[PDB]
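Chemist: Protein chains in written order, with PDB author numbering: chain A, 99 to 141; chain B, 973 to 1166; chain C, 390 to 438.
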Amino acid sequence: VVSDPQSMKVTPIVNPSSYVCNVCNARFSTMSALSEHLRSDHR
Amino acid sequence: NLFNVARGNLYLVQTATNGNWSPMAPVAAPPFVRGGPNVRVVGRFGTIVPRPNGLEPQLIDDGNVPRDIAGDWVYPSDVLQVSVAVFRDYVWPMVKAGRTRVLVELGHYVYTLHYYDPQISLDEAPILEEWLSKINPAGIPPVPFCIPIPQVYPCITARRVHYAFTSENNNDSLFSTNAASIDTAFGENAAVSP
Amino acid sequence: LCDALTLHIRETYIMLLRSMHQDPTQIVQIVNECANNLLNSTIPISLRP
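1) So with Cβ pairs under 7 Å, would you call residue 929 (chain B) a contact of chain C?
2) Give the DSSP-derived three-state secondary structure of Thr989 (chain B) in the structure shown.
3) In three-state DSSP terms, what is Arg137 (chain A)?
4) List the DSSP bridge partners of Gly1043 (chain B).
5) Would you grab the beta carbon distance between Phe1059 (chain B) and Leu1104 (chain B) for me? Rounded to a whole angstrom, and I think it's under 8 Å.
6) Return the first residue and the last residue of the alpha helix (DSSP H) that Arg399 (chain C) is part of.
7) Leaving out the 5 sequence neighbours to the left and right, which residues in its chain are closer than 7 Å to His135 (chain A) when beta-carbon positions are compared?
8) I'd like to confirm something about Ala1110 (chain B): is its beta-carbon nearer than 6 Å to some heavy atom of the ligand FAD, or not?
9) Leaving out five residues before and five after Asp1144 (chain B) in sequence, what residues of the same chain have Cβ atoms less than 7 Å from its Cβ?
10) According to DSSP, simplified to helix, strand and coil, what is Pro1116 (chain B)?
11) I'd like to know if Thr414 (chain C) contacts chain B, where contact means its C-beta is closer than 7 Å to some C-beta of that chain.
12) Contact criterion: CB-CB distance below 7 Å. Does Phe1017 (chain B) meet it with respect to chain C?
13) Run through chain A and tell me which residues come within less than 8 Å of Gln1091 (chain B), C-beta to C-beta.
14) With DSSP as the reference, label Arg1060 (chain B) as helix, strand or coil.
15) From which residue to which residue does the alpha helix (DSSP H) around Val417 (chain C) run?
16) Measure the alpha-carbon distance for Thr987 (chain B) versus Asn1010 (chain B) and round it to whole angstroms.
17) For the beta strand (DSSP E) containing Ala124 (chain A), list its first residue and its last residue.
18) Under 8 Å by Cβ, that's how I've got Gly1035 (chain B) and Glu1140 (chain B) pegged, so tell me the actual separation to the nearest angstrom.
19) Considering only the beta carbon of each residue, do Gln1053 (chain B) and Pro1109 (chain B) sit closer than 7 Å?
20) If contact is defined by three or more beta carbon pairs under 8 Å, each pair taking one atom from either stretch, is the region 1116-1130 of chain B in contact with the region 1147-1161 of chain B?
21) Inspect the CB distances between the region 1056-1074 of chain B and the region 101-117 of chain A and report whether three or more fall short of 8 Å.
22) Considering only C-alpha positions, which residue in the set B:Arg1016, B:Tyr1081, B:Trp993 and B:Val999 is nearest to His1134 (chain B)?
23) My output table needs one value for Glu1101 (chain B): the three-state DSSP class, helix, strand or coil.
24) How far does the beta strand (DSSP E) with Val977 (chain B) in it extend, from its first residue to its last?
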């Protein structure tokens, strides 16, 4: 990884950790608590 | 445009340019217009229905039919002030992926120009994502454009990724582009208009 | 070992609750119409047998 200023910088395509929780509709800040709420949702 | 109000409507397509990028004066035709071929319009709510077991979230269109996200969209600004939380989560990553193009159409608006050096690499995502963060149901912050500083020498510009450009020539108030130089090499050489 | 008379009561009580089963896929259209179409929602249910 060489730091040259002309390297095409691209920001991450998918917004990090948006509240797309599968059934939880509660989103924890970290990725670990994001999938933990579907476990905390229902069985 | 001499009062910092640009007419026309704004676009958000992903244009990974390397040469001159003039957002306020598009040298091309606008990519699509309202009601064109495969150009659907978002509904009054902007509501996004999510589909299960790994399908795409579909977005409810003008005639209350859940059309899919990837493609083209005419997104009226009053819908954007009430559903910018559904924009920035679902339909905006499909802009940066380069698979959907939204014509966020507001008839008139105040604008802002962030100039930059085209030698150095720059992505116009956080300048634009800060603009999507200050949209309330009340108002919208002015539309931020990124125009390169016109260079005097033929430079080796970085490949940049810009998103916002308007539909019509909103470059009325551009008096000159390098008023103390022999000639503009790279940028938009707009001489003093007689 | 289940009683027959007790079973005839509890089989009625399931029929009492399955006579109240609003299927939850239509709760979206209830909220959309009870609010005079001023306010629409999306309620992702999880269909089970």
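Cβ atoms here follow ideal geometry from the backbone N, Cα and C, with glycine treated the same way.
Modeler: Result, derived from the coordinates:
1) A question about residue 929 (chain B) goes unanswered here, because the residues of chain B that appear run from 973 up to 1166.
2) Here residue 989 (chain B) refers to the residue found at position 17 of the second sequence. It is coil, neither helix nor strand.
3) Taking the first residue of the first sequence as position 1, residue 137 (chain A) is located at position 39. Residue state, collapsed to three classes: helix.
4) Numbered from 1 along the second sequence, position 71 holds the residue referred to as residue 1043 (chain B). Paired residues: B:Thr1072.
5) Here residue 1059 (chain B) refers to the residue found at position 87 when the second sequence is read from its first residue. Here residue 1104 (chain B) refers to the residue found at position 132 when the second sequence is read from its first residue. Confirmed, about 6 Å.
6) Here residue 399 (chain C) refers to the residue found at position 10 when the third sequence is read from its first residue. Unbroken alpha helix (DSSP H) run through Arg399 (chain C): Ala393 to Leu406.
7) For the purposes of this step, residue 135 (chain A) is taken as the residue at position 37 of the first sequence. Closer than 7 Å at Cβ, skipping near neighbours: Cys119, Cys122, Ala124 and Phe126.
8) Of ligands this structure carries none, so the ligand FAD is not represented either.
9) Taking the second sequence and counting its residues from 1, one reaches residue 1144 (chain B) at position 172. Closer than 7 Å at Cβ, skipping near neighbours: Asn973 and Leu974.
10) Along the second sequence, read from residue 1 onward, the residue named residue 1116 (chain B) stands at position 144. If DSSP states are grouped into helix, strand and coil, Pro1116 (chain B) belongs with the strands.
11) Counted from its first residue, the third sequence places residue 414 (chain C) at position 25. Closer than 7 Å: no.
12) Here residue 1017 (chain B) refers to the residue found at position 45 when the second sequence is read from its first residue. Yes, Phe1017 (chain B) lies at the interface with chain C (some Cβ there is under 7 Å from its Cβ).
13) Here residue 1091 (chain B) refers to the residue found at position 119 when the second sequence is read from its first residue. Near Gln1091 (chain B) (Cβ distances below 8 Å), the residues of chain A are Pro103 and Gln104.
14) Taking the second sequence and counting its residues from 1, the one referred to as residue 1060 (chain B) is at position 88. It is helical.
15) The residue given as residue 417 (chain C) occupies position 28 in the third sequence. Looking at the DSSP string, the run of the alpha helix (DSSP H) that includes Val417 (chain C) is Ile416 to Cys423.
16) Taking the second sequence and counting its residues from 1, the one referred to as residue 987 (chain B) is at position 15. Taking the second sequence and counting its residues from 1, the one referred to as residue 1010 (chain B) is at position 38. If I take the Cα positions, the gap works out to 20 Å.
17) Residue numbering aside, residue 124 (chain A) sits at position 26 when the first sequence is read from its first letter. First-last for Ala124 (chain A): undefined, no H or E at that position.
18) Here residue 1035 (chain B) refers to the residue found at position 63 of the second sequence. Here residue 1140 (chain B) refers to the residue found at position 168 of the second sequence. Contact flag wrong, Cβ pair sits at about 28 Å.
19) Mapped onto the second sequence, residue 1053 (chain B) falls at position 81. Mapped onto the second sequence, residue 1109 (chain B) falls at position 137. Cβ atoms of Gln1053 (chain B) and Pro1109 (chain B): closer than 7 Å.
20) yes
21) yes
22) As a first step, residue 1134 (chain B) must be located in the second sequence, where it is residue number 162. It is B:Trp993.
23) Position 129 of the second sequence holds residue 1101 (chain B). Note: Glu1101 (chain B) maps to helix in three-state DSSP.
24) Position 5 of the second sequence holds residue 977 (chain B). Note, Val977 (chain B): beta strand (DSSP E), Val977 to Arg979.
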